[PDB]
Each structure stands twice: as structure tokens, then as C-alpha cells.
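In: Below: the sequence, then the experimentally determined structure.
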Amino acid sequence: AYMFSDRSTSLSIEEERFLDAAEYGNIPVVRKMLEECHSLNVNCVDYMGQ
Amino acid sequence: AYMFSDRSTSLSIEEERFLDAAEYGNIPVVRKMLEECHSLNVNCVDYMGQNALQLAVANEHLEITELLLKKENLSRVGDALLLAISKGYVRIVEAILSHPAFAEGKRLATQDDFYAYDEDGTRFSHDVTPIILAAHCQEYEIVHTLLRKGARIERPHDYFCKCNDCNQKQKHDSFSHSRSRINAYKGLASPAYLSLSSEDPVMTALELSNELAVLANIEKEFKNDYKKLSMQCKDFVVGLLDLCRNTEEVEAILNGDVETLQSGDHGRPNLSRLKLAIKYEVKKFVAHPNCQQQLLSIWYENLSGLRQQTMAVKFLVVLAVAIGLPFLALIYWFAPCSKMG
Amino acid sequence: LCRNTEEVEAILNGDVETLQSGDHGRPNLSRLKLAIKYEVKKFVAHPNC
Amino acid sequence: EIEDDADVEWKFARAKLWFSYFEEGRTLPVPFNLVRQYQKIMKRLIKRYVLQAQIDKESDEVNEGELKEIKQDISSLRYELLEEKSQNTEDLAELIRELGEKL
Amino acid sequence: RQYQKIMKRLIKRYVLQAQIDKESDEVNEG
Amino acid sequence: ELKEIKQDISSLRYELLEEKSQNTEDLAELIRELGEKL
């Protein structure tokens, strides 16, 4: 039961939103989460490490 | 006056509107008709037999799909999942996999009419699970998502096996049994599954290429397909050797785990995988420059001079050993372990 | 496009219930002789045939 | 026959000739014989293979069924924007009429 | 009967696969 | 190169829908704050 996992963990529910907004172009959600979220890590990675 | 009619009736004037809105992307009309119309059938079909979910998934309408999946009355959800996997829509797949029918990864691997699309037949053959279809179409993200939910491709049995399911299948239909075996091998022999499903993909790909080359001779029909599957299992390894940039990566592709393998015979690497690539007849893995640069260093072992020499000088040293052969024979006989021995 | 053997027998052979059984315990090769008379070569040189 | 397999077959035959002399054994000729790190490296190579395979998949020529997706994107955007404009105009007109009925 | 059912599902497969093969031609300038 | 056009249309959709919702919300708030004076 091996998998190639480039982070080998689970994403938060407030970090998958930030990664989906950064990937698919949601500029107002990025503006909101980049100012009104102080517990956010801007260096969180997805399943491939980006 | 015959026609192919897949419903053989006439649509309502308030159902052709719903099907046009679902097909062509009219999200507010779908929001209005999905709440302010209680006499509507959400499973109405068009001239080909596709309801609103199979028309919104086939056109990449993620908002209409997420709007329709909250209905708890839809049919053809497994076929919509298979169609979205077939077309490569990752957001539609990740929205359909949150429906409460794939809750604990229930229907993603290995009778029930869940994946039917017509009330008579399925869109792909009955063996095809979501993981086999995601490995056929080379979808790396969908394969990673389905492997994350515990879905694997079950390796088929031997060709001469006699289990009490291998004989029931061959007694029911010996055509779809061979087709199912070749679909499972076509899913197993793909780079999207080989690179993400296993820990050492080079060893797995070499053994799988040997297995498919054996089954190409054992099973005389479908030979030209097992040859292709073995050829792409070899192409995976040859394209994985090409990406190496250091020499530790070259030594990790050509040779196995160095710390848990024997040192060899001399001060030279362990050529146990590289003999298996000759036995299994993987020609482009052995005829690659990153392999020739390793093999030439064992060929020209204690010869830094004769390696860089030109031709018509090695012919002269062949003639020189032709003249003085018993002297070198006496050197090897009496005094080995020397500057000539 | 055939996936079962009933679909293969419905493309290669006609309506089975309204055709003669043949000579032995073997299907009715009346369409498959017409595909040889009409010289349809890839229908007869197909693996399902 | 492809012109690139003619080199591959010869180099495979030459390597099969080489591998017969690598074995420790017959050194004198024919008249004289009568007297951890691996998991790290494999993980980075699998990541390179996945990224390069997606790059090579994004180099195939675009066909007729990938432009229809863009066409349906523009169609859905048109429907959504026109309904949002009509809804905003209707709400503004209603909230202005409900205050112009007080003057 | 069974022959009409089998021929109907095979004609539906042919129409869907023919539209899939038509949506695999290269896109032109028009 | 067509995926870049697709992401262009996606970003345009998100930006335009948020601008429409923000304009409607600001107009509704500034009309309510003057309809609470009649």
C-alpha cells in the first residue's frame, strides 16, 4: 500500500482553499485570505509539492 | 420509416428547457427550475438517452454539476464519474467523489447496475473500474486521488488457473473474460500507475515486461497487444534512465539499492539488474549512453592508455599478443598478482 | 465495438431466432458467405470473425 | 524498420559480447586451458518523471474537443453575467421605487 | 426481442464512438 | 497554450462576479442607510 506522496501529510481546510484559489485564479479569495488570516502559512504545498 | 430513437417518446416543454439549460450552461435557469418546479423529473433524457448530469459532466459545467449533485434523487452518478475520468476533468471528479455513494472508497475498485447509463448496458465494459480507466487515460492526478482512497488494480490470475471463479467466468463468456484480462493488464502496464503505485518502479516494470512477453507466447490470440504492453513497460524504464543528472542517480537506476546489495567481484558495481535487462531483452536500456558509460569503465578496467587510442593501434597490440603469447601464458602461470597479472 | 459473444453473434450472424440452425451444432454462416461473395475483406479478416 | 533500432540492436549485441568477458573464469586462451539514500533518489526521480510526463502531455496538438470546452466556458460566463446584471438592475430599481413612493 | 436490443445498443455505441472520434480531429482556422 | 486561455477566462469570471456582488452590496447598503431616514 505504497504511494508517491510529496508531502506525506494532510492539508488543512483553510489551506486547500488557498491553494485552489491560487491555482484556479480566484483573486478576491486570495486578497481576503492574504490579509484577514494570520494563522495561514503561505508556503503550504499540495500533493506534488508546489 | 424506422429511426434510432433512444427514448421513443416526446419531451415536455418544461423538460427540453431543463435539458438545454443543463447542456449549454444556463446556471440561473437550472437554479430556478430545480427549486421552483415540483413536477419536474430530474432524470429526463434527450434523444440519445443522457440526463442533465451526463450533459453537464460531458460539457465541463462544474457549477451545474455541484448544483445537481445535492438532489439525492439522481441516477447515473457512477457513469458521470466514469465519463469525467475519461475526459480528464479533475474538478468534476473531485466534486462527484464527495457524493455519499463513494464515502469510504466503496465503489472505486473491483452485478449492481451502478455504472449503467442506459438501463441496458454500460458506457465502458463491465470490468472497467475507475482506477483502471484513470490508468488507461494517463491521468496522473486522478490516479493519485484514487490511490489516496485505497483503490488498486487487482492482478489477474494465471492463464491455466482453475479457481472456482476463473471457470465460472470462462463458462459464462470466454470473450469478455479475455477482454477483461487484457484491460486489467493494460491498466497495470501504464506509467501513471507504475510510477505512483509502487515503491521501486524499475523492478516492477522489468518483471511486468517479462510477464507480458511470456503471455504474448502462451496466449496466441491478443499477441500483438501484449507485445505493445511489454514495449511500453520497457519504454517506462528507458525514459526513467534518461532523467538522471548526477552519477548516484545513474547508479540507482542501473544498479539497485547499493547499501543492501553485494559489492560484486572486484572494485566494480553490482551488475544484477543489468543482467536481468539483458535476459528480459530490454534493448534501449542497455543501448543508452548512461549505461554504455558504465559498461565501458568495466570493459577498459586497468587500461587508461588503450581506452583513448585510435584504431590500427589495437590491431597492432592484437598482433603483439599473437607474437608473445607463451610468454604472457608463463607470466600468468608462475607469477600472478603483478603489474601484468 | 462488440464486447460479449451475443453481440459478436449478432453482427456476424443475423437474427438467430428467425434463421435456420445450420448443418451441425454450429452457427448460420449465411451473412458470412455474403461477406465473402461481396468481397468485404476486413470483416472476414477481423479477429472477432 | 526504423533507422534508430539498427544502432540499438548492434549496441545490445556488443553489450552481450562484453558481458561474457566480465565473468571471472577463463583467462588463458584456447591452447593453454589444458595445463536512506536510495529512497530519496527514487523519490526525486519519480517526481521528475511525473512533472516531465505532464509537460510532454501538454505538448500534444490541440484537437476539436478541447476548444468546445472553452466555448462552453464562454457560454456559461455569458449566461451568468447577463443574469447578474439584470438582477442588479431590478434590485436597484425596486429599492429606488420603494423610496420614491415616499416623496 | 433480443436481436433488436443488441442492435440498438450497438448502434448507440457506434454513434457515441463516432462523435468521440469526430472530436479528436485537429482544430482548424474556422 | 489553450489551458492559459482557459485560466484567463476562469480568472475573469471570478473577478467579474465578485465585482458585481460587491457593487450590489454597496448600493443596497447605501440605499438602506438612507431608507432608514424616511
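Out: Good, I have the coordinates. Residues are numbered from 1 along each chain as shown, chains lettered A, B, ... in the order given.
In: For the nearest residue to residue D:18 once chain neighbours are set aside, give its distance to residue B:275.
Out: Spatial nearest neighbour of residue D:18, excluding adjacent residues (CB to CB, 6 or more residues apart in numbering or on different chains): residue B:299 at 5.5 Å. For the C-beta atoms, the positions are set from N, CA and C on the backbone; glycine is no exception. As judged by CB to CB, to the nearest Å, residue B:299 and residue B:275 stand 15 Å apart.
In: ditto for residue D:41
Out: 22 Å.
In: Which neighbouring elements make contact with whichever helix in chain A runs longest?
Out: Determined from DSSP state H, the single longest helix within chain A is helix A:16-24. Judged by 3 or more CB pairs under 8 Å, 6 or more residues apart in numbering or on different chains; DSSP states H and E, helix A:16-24 is in contact with helix A:27-33, helix F:2-35.
In: switch the cut-off to 6 Å
Out: Based on contacts counted as 3 or more CB pairs under 6 Å, 6 or more residues apart in numbering or on different chains; DSSP states H and E, the elements that helix A:16-24 packs against are helix A:27-33.
In: Could you list the buried residues of the helix it packs on?
Out: A:29, A:33 (16 or more other CB atoms under 10 Å in any protein chain shown).
In: now for that helix, which elements pack on it?
Out: Checked by 3+ CB pairs under 6 Å, 6+ apart, helix A:27-33 has helix A:16-24 packed alongside it.
In: Please list the residues of chain D that sit near chain F.
Out: Within chain D, the positions near chain F by CB under 6 Å from any CB of the partner chain are D:62, D:70, D:73, D:77, D:84, D:88, D:92, D:95, D:99, D:102.
In: Going by neighbour count, which of those residues comes out on top?
Out: Taking other CB atoms under 10 Å in any protein chain shown as the neighbour criterion, residue D:73 ranks highest of the residues of chain D next to chain F with 20 neighbours.
In: Nearest spatial neighbour of the residue in chain D that chain B sits nearest to, chain-adjacent residues omitted?
Out: Nearest residue of chain D to chain B (CB to the nearest CB) works out as residue D:76 at 3.2 Å. Of all residues not flanking residue D:76 in the chain, residue B:25 sits nearest, at 3.2 Å (CB to CB, 6+ apart).
In: Kindly tell me how buried residue D:42 is, as a neighbour count.
Out: 20.
In: hmm, I was thinking of residue A:42
Out: Residue A:42, neighbours per other CB under 10 Å, totals 10.
In: So what does it look like in phi/psi?
Out: Residue A:42 adopts backbone torsions of phi -80, psi -10, taken as degrees, to the nearest 10.
In: Could you check how far it is from residue F:14?
Out: Taking CB to CB, one finds residue A:42 at 20 Å from residue F:14.
In: Tell me which residue is most central in chain D.
Out: residue D:54 (1.2 Å; CA atoms, centre = their mean).
In: Please report the distance of that residue from chain C.
Out: Taking CB to the nearest CB, to the nearest Å as the measure, residue D:54 falls 31 Å from chain C.
In: cool, and residue D:71?
Out: Counting by CB to the nearest CB, the gap from residue D:71 to chain C is 29 Å.
In: same check, this time on residue D:48
Out: Taking CB to the nearest CB, one finds residue D:48 at 39 Å from chain C.
In: Over to residue A:32?
Out: From residue A:32 to chain C the distance is 51 Å (CB to the nearest CB).
In: Repeat that for residue A:31.
Out: The value you get for residue A:31 to chain C, if CB to the nearest CB is used, is 52 Å.
In: Chain A contacts on chain D?
Out: Residues of chain D lying near chain A (CB under 6 Å from any CB): residue D:46.
In: Let's see that with 7 Å instead.
Out: D:46-47 (CB under 7 Å from any CB of the partner chain).
In: Which residue is it, in chain D, that comes closest to chain C?
Out: residue D:65 (19.5 Å).
In: For the nearest residue to that residue once chain neighbours are set aside, give me its contacts.
Out: Using CB to CB, 6+ apart and skipping residues adjacent in sequence, the residue nearest residue D:65 is residue E:23, 3.3 Å away. Counting by CB atoms under 7 Å, 6 or more residues apart in numbering or on different chains, residue E:23 touches D:63-65.
In: and whatever residue of chain A ends up closest to chain D, what does it touch?
Out: Nearest residue of chain A to chain D (CB to the nearest CB) works out as residue A:4 at 5.4 Å. By CB under 7 Å, 6+ apart, the contact set of residue A:4 is B:195-196, D:46.
In: 10 Å instead, please
Out: Listed by CB atoms under 10 Å, 6 or more residues apart in numbering or on different chains, the contact set of residue A:4 reads A:47-48, B:140, B:143-144, B:147, B:195-199, B:201, D:42-43, D:46-47, D:49-50.
In: Next, it: secondary structure please.
Out: coil (DSSP: H, G, I helix; E, B strand; the rest coil).
In: Need phi/psi at it.
Out: Reported as degrees, to the nearest 10, the phi and psi values for residue A:4 are phi -80, psi 100.
In: Using the centroid of chain A, identify the residue furthest from it.
Out: Max distance from the centre of chain A (CA atoms, centre = their mean): residue A:1, 25.6 Å.
In: contacting residues around that residue?
Out: So residue A:1 contacts B:147, B:150, B:152, B:197 (CB under 10 Å, 6+ apart).
In: That's all I had, so thanks and see you.
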